[PDB]
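Student: need a structure here:
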Amino acid sequence: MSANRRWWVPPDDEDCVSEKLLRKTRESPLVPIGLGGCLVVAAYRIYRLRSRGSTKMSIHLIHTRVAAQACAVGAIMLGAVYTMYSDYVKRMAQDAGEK
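Tutor: Numbers count the residues shown, from 1 in each chain. Provided below are the atomic coordinates:
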């Protein structure tokens, strides 16, 4: 015991897949996992958008807990989701609409 000790600083953009997401995955569909993350995300969304909580002591929105968590998590989750929801497309050559 000295002072936390241990540290790390990856070059990649705050990591991405790696063995982490490698084991994280599984097989289950996104319909479920997604839906859930939708209720959570959306929830957190409507929350931030709306003015609820009843605290009156946070006119910064940065040094929080559930907010910061929703920010980070939300970022990850969302990011992933988006990538998926969008990836849903065939795979490439998205030339929709006719001019």
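
Student: Just the helices from the chain, written as ranges.
Tutor: Listed in chain order, the helices of the chain (DSSP state H) span 18-24, 30-49, 66-87.

Student: tell me which strands and helices the second one is in contact with?
Tutor: Helix 30-49 makes packing contacts with helix 66-87 when contacts are defined by 3 or more CB pairs under 8 Å, 6 or more residues apart in numbering; DSSP states H and E. Where C-beta positions appear, they are placed from N, C-alpha and C, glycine not excepted.

Student: Could I get the buried residue list for the helix it packs on?
Tutor: By neighbour count on 16 or more other CB atoms under 10 Å, the buried set for helix 66-87 is 67, 70, 74, 77, 80-81.

Student: where's residue 32 relative to residue 8, distance?
Tutor: 32 Å (CB to CB, to the nearest Å).

Student: Could you do residue 51 as well?
Tutor: Distance of residue 51 to residue 8, given as CB to CB: 38 Å.

Student: Among the buried residues of helix 66-87, which one sits closest to residue 2?
Tutor: residue 67 (31.6 Å; CB to CB).

Student: Now do the contacts for the closest one.
Tutor: 48, 58, 61 (CB atoms under 8 Å, 6 or more residues apart in numbering).

Student: out of those, which is most surrounded?
Tutor: With neighbours defined as other CB atoms under 10 Å, the most crowded of those is residue 48; it has 14 neighbours.

Student: does that one really touch residue 66, like I thought?
Tutor: No - here residue 48 does not reach residue 66: they are 10.5 Å apart, not a contact under CB atoms under 8 Å.

Student: mind checking how far stretch 75-84 is from the chain centre?
Tutor: Centroid displacement of stretch 75-84 relative to its chain, using CA atoms, centre = their mean, to the nearest Å, is 5 Å.
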